[PDB]
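Trainee: Quick one, fold the following:
(11 chains)
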Amino acid sequence: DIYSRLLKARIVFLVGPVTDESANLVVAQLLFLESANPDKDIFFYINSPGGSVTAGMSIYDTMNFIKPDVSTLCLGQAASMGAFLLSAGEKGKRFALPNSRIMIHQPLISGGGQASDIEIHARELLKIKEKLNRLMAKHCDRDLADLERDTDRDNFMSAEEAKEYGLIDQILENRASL
Amino acid sequence: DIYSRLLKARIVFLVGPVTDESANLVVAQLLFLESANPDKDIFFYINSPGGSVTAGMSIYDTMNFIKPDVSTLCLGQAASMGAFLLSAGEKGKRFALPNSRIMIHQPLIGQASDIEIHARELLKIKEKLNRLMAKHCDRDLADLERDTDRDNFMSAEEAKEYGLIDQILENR
Amino acid sequence: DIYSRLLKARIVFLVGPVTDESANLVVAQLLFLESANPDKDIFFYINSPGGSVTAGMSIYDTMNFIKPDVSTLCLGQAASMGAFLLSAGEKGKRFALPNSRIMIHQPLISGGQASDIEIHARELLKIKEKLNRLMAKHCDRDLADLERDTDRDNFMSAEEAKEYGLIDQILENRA
Amino acid sequence: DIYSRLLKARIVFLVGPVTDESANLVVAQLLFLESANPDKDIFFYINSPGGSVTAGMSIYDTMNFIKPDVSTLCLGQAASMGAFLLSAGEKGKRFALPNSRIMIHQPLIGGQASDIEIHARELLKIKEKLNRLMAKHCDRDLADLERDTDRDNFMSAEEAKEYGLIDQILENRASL
Amino acid sequence: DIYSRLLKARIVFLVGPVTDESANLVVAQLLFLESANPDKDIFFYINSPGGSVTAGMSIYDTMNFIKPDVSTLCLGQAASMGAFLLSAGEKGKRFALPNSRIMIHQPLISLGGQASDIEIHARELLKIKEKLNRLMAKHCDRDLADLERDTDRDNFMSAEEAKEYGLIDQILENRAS
Amino acid sequence: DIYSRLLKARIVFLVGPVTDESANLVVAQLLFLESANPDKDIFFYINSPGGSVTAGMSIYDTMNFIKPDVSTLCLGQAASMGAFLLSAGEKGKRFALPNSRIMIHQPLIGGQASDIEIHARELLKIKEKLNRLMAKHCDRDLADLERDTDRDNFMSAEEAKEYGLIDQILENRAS
Amino acid sequence: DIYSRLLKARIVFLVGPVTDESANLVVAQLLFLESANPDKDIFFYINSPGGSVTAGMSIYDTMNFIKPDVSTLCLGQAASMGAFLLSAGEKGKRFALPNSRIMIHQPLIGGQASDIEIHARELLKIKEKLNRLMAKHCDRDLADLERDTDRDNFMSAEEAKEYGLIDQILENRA
Amino acid sequence: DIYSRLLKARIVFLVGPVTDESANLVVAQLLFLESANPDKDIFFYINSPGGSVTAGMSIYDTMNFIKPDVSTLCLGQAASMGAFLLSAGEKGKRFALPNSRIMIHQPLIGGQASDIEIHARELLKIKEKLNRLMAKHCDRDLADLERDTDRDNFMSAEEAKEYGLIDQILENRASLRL
Amino acid sequence: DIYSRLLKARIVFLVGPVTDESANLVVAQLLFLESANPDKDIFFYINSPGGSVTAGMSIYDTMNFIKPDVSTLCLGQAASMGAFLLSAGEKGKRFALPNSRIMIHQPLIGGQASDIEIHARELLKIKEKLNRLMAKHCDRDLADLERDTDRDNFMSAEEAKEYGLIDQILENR
Amino acid sequence: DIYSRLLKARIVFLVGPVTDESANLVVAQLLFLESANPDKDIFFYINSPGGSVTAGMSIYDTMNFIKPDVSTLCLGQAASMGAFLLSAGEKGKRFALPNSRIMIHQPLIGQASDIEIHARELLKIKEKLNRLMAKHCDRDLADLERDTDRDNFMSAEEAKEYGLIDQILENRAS
Amino acid sequence: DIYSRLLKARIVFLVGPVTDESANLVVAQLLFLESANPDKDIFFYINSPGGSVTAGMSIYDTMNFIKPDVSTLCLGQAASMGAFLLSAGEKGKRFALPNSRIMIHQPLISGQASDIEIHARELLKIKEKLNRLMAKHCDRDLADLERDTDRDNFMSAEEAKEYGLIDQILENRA
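Mentor: Residues are numbered from 1 along each chain as shown, chains lettered A, B, ... in the order given. The protein structure is shown below:
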């Protein structure tokens, strides 16, 4: 099948929503490629609207844990945890295609309990919000305060804007673009 | 109809869940009875599992606002906002029938910013209800915080000993 | 309407499941009839499979609170809280029609954290104990008899309910 | 309304399924008519497929309890508890219209085996009780009713008369 | 019925969501009471989470159009268009009960069509947002910029906070003004 | 009831979607008020998002048919057929409250191509007819209405006045 | 209520789909008004998209059966059985308001082939019968109605007048 | 299977709605064929009503990024993003079959006004970007594309050719001109 | 699998509704068979009630585009786009089995009037275009096809032959 | 397939809710790896919100039953039975990635007699899990009772200090 | 796949509800393993809440019918027919893991009176039959099983051992 053939070239895809099962499949491929050759770059192609924060963190920590550089490429879009993961590729090896789009924003829950429980989960959500802003600020070499303002609502960026923001390093128009 | 007739004896019922529409109907009857005679007691009979906090507050503030004493009587049960309203009747005129049951507990139910705002509001409500309940029961705020952390069921006697009602009525 | 006319004769009906709304309507009629005449019997006719325990208690406590004797009559059936209320009429004035049926049983839930489940399980067992004690009182029987006889659904004919102490007499006609 | 007006003439209807609400409404009318005049017949018109056994018993016991004779008339059909109630009218005053139909049959309906045992035994008690009462209504042997209610047993007006379930078939008021 | 009786005392209720139906019923009562006596105050009691903006405006404009002063009273809550209408009562006659709650916020849609259509409706929504902030600023005697800042997200106020904000005039515990 | 009472004052309401049922109820009130007094104005209060075109036309033609002037007042909103009817009140007696909103637009909604052709042809006839009638109501060029109804066109009270859709904005009874 | 009040003026409404219950309510009012005064016109106001053919026929036959002239008025629309009933008012007393719309068309709708044959024939009989009656109402040739009802045929008030379906368009009380 | 065999002839299909999954499968095949032979044309056959704009952009940017010319062929229809991708094939190698149909139009689709403003502006950015890119593909004025995409614009194969959207109509294996 | 085996004999099936997926699978097989041997006939067997017009056109244009003659055979039925495709086989090589049935008819299917106008015009163009192409396939007058497709027009195999839609009825070989 | 490949490196995954089916698949892999080589560590990677208590116990008892050390690694999250299983890896070989999250809490969700029986059983489970967790964390039973009364979220460092894991791994260091 | 491989070690799993199809799959594996080697033990691992009584009996009778000893192991839980099957393994070779749970209880289900009588009788026959067979499995009195299955009876591994339902609790190999 085509995706197994591209895995031979060290290409891993994240396509569609980030779930436990789609994130772990990425984690598995990353571990596989490291085992096959710990000294060669991995190319992580991302076309995703985001999804589960903890599922994305499992990918994130695996990216940082393995020895190979994980280069990231945004095709189509990288939004929310998708953009987080894109910004997390090896600095200098984070790319987007020219008509890609990036979007960043604060955490978002959809859809209970006693006030005590709501307090506990609201505090956890705000911890997540602060943690993601600090990590994103480091990825972008920007101030924490910049990320806090810029993620208050949905923030759409062109490839060029994401580059200028520090989220990616280079826009690739073709192979000559390097 | 039977409820209109009992209204002429100054009996008002809260039965079932407290909603905007059931609470306002109570408010309307309270205002009506005050207008009919501002110097005679009102008998507020409560058999309710609770419901909307803001709807209950509309009843609560109306009870305290009008001139007549509002005497409360728990029949069947008064739980959550139901128990709050029972505890809010004119002190000395808060009653339960012998096999009534009372239950008190803490409040129960977008972007992180919005969740923070609503979580804060919910905790304000929790603290406000504990402070008002402590006043109703002549108890320490810390007692109510302790005793509403989870569902706290009380017999009529336990509610009396707690300060939530004044006396248990077997018969007249 | 027919039920308002029978209310003139001091007849109150409980028909179908006991809910907050159906129980409070009974409570309202009981209070109304007491106000109309506190010295005349009320006839509480019961054809019910039961329902909410707290709703039934509101009827129960009102029955005991008002000054008129509340006579009870089982027609069709009085099951669960229905049978509880039947057994609660003024002793000597609790009746059933000859082909009525009675059924008694322990509490039954149709529908959180372990801590919360513990709290509600303890409340349910309190209710179970309380209903058995009150029923034993109504039937002039031992608490232990009611515990054993309500462990599962216990169906009684009119004649068995009389012998149990749940009702006083079976009425076949107006004699 | 038309039904209140016919109640003036001491006509009570049971139409459609017997439920707690429909049965109690009949009970209420029976008690009302007895109070209005305890010495005049009541005419109980039945077009019903049956329904709840306990709800039907509440009607049945009320019919036997009040002072007035309750005359029964089957129009359209009287099936199951409907036929039971028809057969229960004052003997000599149980009628059907010529194209009425009657049907009788045995009772027709989860948890632990213990509970299923309890409810199965109650259902069989009901079955035997209804057969005993029906046999008395029809002046027939218990064993005849057991035999004849094992499955759905449809009867014409003539067959119900010959069975003992009704007394007469009325084509117009001149029959009696 | 009880509400008709209270209408004779010139009490009008808004309870629950503001819809075309519920708003017009209020409008009808306001017009009725003005006709019955154009020189006596009307008491508009509000326990509402809000609802349709255009339906609320029909109430609002009627309140300002009729001759009687419309006094407002918040019981339970007045949120969104509910709070707008509360703030719109005759200045000096806007009240809340002590445990009432007020909430204000910017408009909220729960959009389909062509980009051109989405542009048209997004503009209209932003017009509504500015219009409500300017009217609210006038009701509260506050700067437009204060209302813009304070309605960006859900802003819950106690009765005392609503009084200090300028949204109501007094808190009534019992009749002692 | 309150609406019957306001009908004595010759006030008729259109609230919510225009349907056959809601439109005919308006028609009935208009005919009733004309019969009661053919020489006194009728006050038609409109808070509506629109609805059925044929149902609105039944109101429209009745407004023009009866002897009384029908004055219109927009409260809350008058959109689509709602705005059409508002614009159709007796010229000089068409009003809006200050925060009312008006919206106008072109018509908005299966089988064989032949049938789709027939119904598409009818819809375009309706579109022209409404633009021609609206242009007459607003004393504007047909071409202005064609251009201005191509997509949803929201107007404040003052914009609707300038457009010719209403005559005056009423803040209170001064004005 | 308002409709009872207008019934005193001999105004009867058909609004919305023609069903057994809405048609019989019209029939009842027609019989009532005839009993109240058999010598005064009845004004039958029609705003309807059509509906059940047999329900419409019950109205139709009642219109022709009672002594009073039944004048018809189309407001909003009269489509299908609605237009049939409009065309059926007393000739000379069939009206439409200026922006009314009329639409006419042929009839529009499981088992064994034998049963499908039976019901298909009945439907074609109905189609034939309605075209014949409509042609009489409009003083037109049967063949014109067959041609003109093959698909949905929308008419303005003026087109319905030239077609023969109504007699006069009323703008006002002048 | 048949599609794998046609892939060895360098034929890639886009059939039905453009989704993240269907677009990425195309991207994968394009990358595969480039790897197999970077100097041979790819034949991208399109029968699609359109779909996700970001998913289509991932295909678009990949088409422009790889070394091989991507020739496009419209069979059945190419509507919306389908027509965008058709118009994006290597100029001179964009084809349609004689009874193909093309349709172009502007983009087509909850929360606080602030959020609705953000997403409305992003949608209008997309609308302008697609009109600019389409104008470039068709060698036409931006103002022509704005005018011609305001509502659904259906084109026959010859109309699409005259518009500049395709280069030639192929009736058979003859048909090709310079 | 059986269909792959029959593909070796150059047999392609269209069965059931014509969709983008089912039409493109046919297109793919046609291209495959042309590549395997551009000089041998293809046998296109059709049992279909029709479906998407644009999906059918993709098959149609591919049939005309490839070198091999595409012979068509109607088994069971060829209705709407199914009958269109049957009529489109290489003239002289369009067949039906004796109890096959053919049906032809005109095209059969929300928003602003402007949009409804646009789509109604497109639908009538399609109707026009299909009648013209069908008239050519059948060597008949455009006006005949307009009249004969106004409503559902069912044909036996011999009626379809007489109409010009197929060339011969095959009882056996 | 990729997971079979990683199994050859002795990596077993628990991803998503713990069910009978997902737990037994883990049990099967554990038994398989023990059979393949009883003397080599197994690496149990956990990204799970929890699930069935009895299903988790089947994994737990299998972890303790087989001869190989089962090393655990939390990636993404280990909540409820997920955190229980993480805390149950061979002491000294329990790891989390730096942005992992852990959450622990008490257990979560007929006739009165039956409700009593099941409430009993649930409280037994609650005490048993607190006892076992206290052992895993080398903490007092009373600490676990206090700390699981409501949802208790921990960072990787908090879980380490709590005793739930041994080391946080940033990378292929140590 | 992993389960086929474990089958080669003579391990058979029952996981989740006992249905006709899950029970027959077990029966098939038992017959297969007997054919492969009739003289070697089979290891039947059970993590099940129970299910169909007749489906469980098909497993039960197959266990007793084949020549190999069927050793049973409870992991996670063995409830109702699950516990029945666990108790049915070769005496001396019935095991549970330390945190396994067992539950036993009487039968539980979720027409005309005649038919209800017939099925109620059959259900009570099943109830007595299961109590007799269970009493034999546990070497206990019939009257003990009747008393102890009246309502849901949860047992720890040690309680199940003391009851006679299993022979040994296995931590690791012990």
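Trainee: end to end, how far does stretch A:90-104 reach?
Mentor: End-to-end distance of stretch A:90-104 (C-alpha to C-alpha, to the nearest Å): 19 Å.
Trainee: Helices of chain A, residue ranges please.
Mentor: A:2-8, A:20-36, A:53-65, A:81-87, A:115-140, A:144-150, A:159-165 (DSSP state H).
Trainee: If you count contacts, what does the first one end up packed against?
Mentor: In this structure, helix A:2-8 makes packing contacts with helix A:20-36, helix H:20-36, judged by 3 or more C-beta pairs under 8 Å, 6 or more residues apart in numbering or on different chains; DSSP states H and E. C-betas here are computed from N, CA, C, even on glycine.
Trainee: Which of those helices sits closest to chain E?
Mentor: helix H:20-36 (21.0 Å; C-beta to the nearest C-beta).
Trainee: Is stretch A:36-51 in proximity to chain H?
Mentor: Yes. Against chain H, stretch A:36-51 shows contacts by C-beta under 8 Å from any C-beta of the partner chain at residue A:47.
Trainee: That stretch: which residues count as buried?
Mentor: Residues of stretch A:36-51 classed as buried by neighbour count (16 or more other C-beta atoms under 10 Å in any protein chain shown): A:42-51.
Trainee: Would you mind measuring from the residue in chain A positioned nearest to chain G to chain D?
Mentor: Chain G sits closest to residue A:111 of chain A, with a gap of 40.5 Å, by C-beta to the nearest C-beta. Per C-beta to the nearest C-beta, to the nearest Å, residue A:111 is found 33 Å from chain D.
Trainee: What of residue A:23?
Mentor: From residue A:23 to chain D the distance is 43 Å (C-beta to the nearest C-beta).
Trainee: Kindly report the same for residue A:170.
Mentor: 67 Å.
Trainee: which residues touch residue A:83?
Mentor: Each residue near residue A:83 by C-beta atoms under 8 Å, 6 or more residues apart in numbering or on different chains is listed here: A:50, A:74, A:102-104, A:162, A:167.
Trainee: nearest to residue H:27, of those?
Mentor: residue A:74 (12.4 Å; C-beta to C-beta).
Trainee: Can you name the residues bridging to the closest one?
Mentor: Beta bridges link residue A:74 to residue A:46, residue A:96, judged by DSSP bridges.
Trainee: returning to that earlier point: for residue A:97, which of the helices of chain A is the nearest?
Mentor: If you check each of the helices of chain A against residue A:97 by C-beta to C-beta, helix A:159-165 wins as the nearest, at 7.1 Å.
Trainee: Now do the buried residues in the closest one.
Mentor: A:159, A:162-163, A:165.
Trainee: Chain B: which of those residues is nearest?
Mentor: Using C-beta to the nearest C-beta, the buried residues of helix A:159-165 come closest to chain B at residue A:165, 20.5 Å.
Trainee: correct me, but that closest one touches residue A:142?
Mentor: Yes. Counting by C-beta atoms under 8 Å, residue A:165 does reach residue A:142; the two are 7.3 Å apart.
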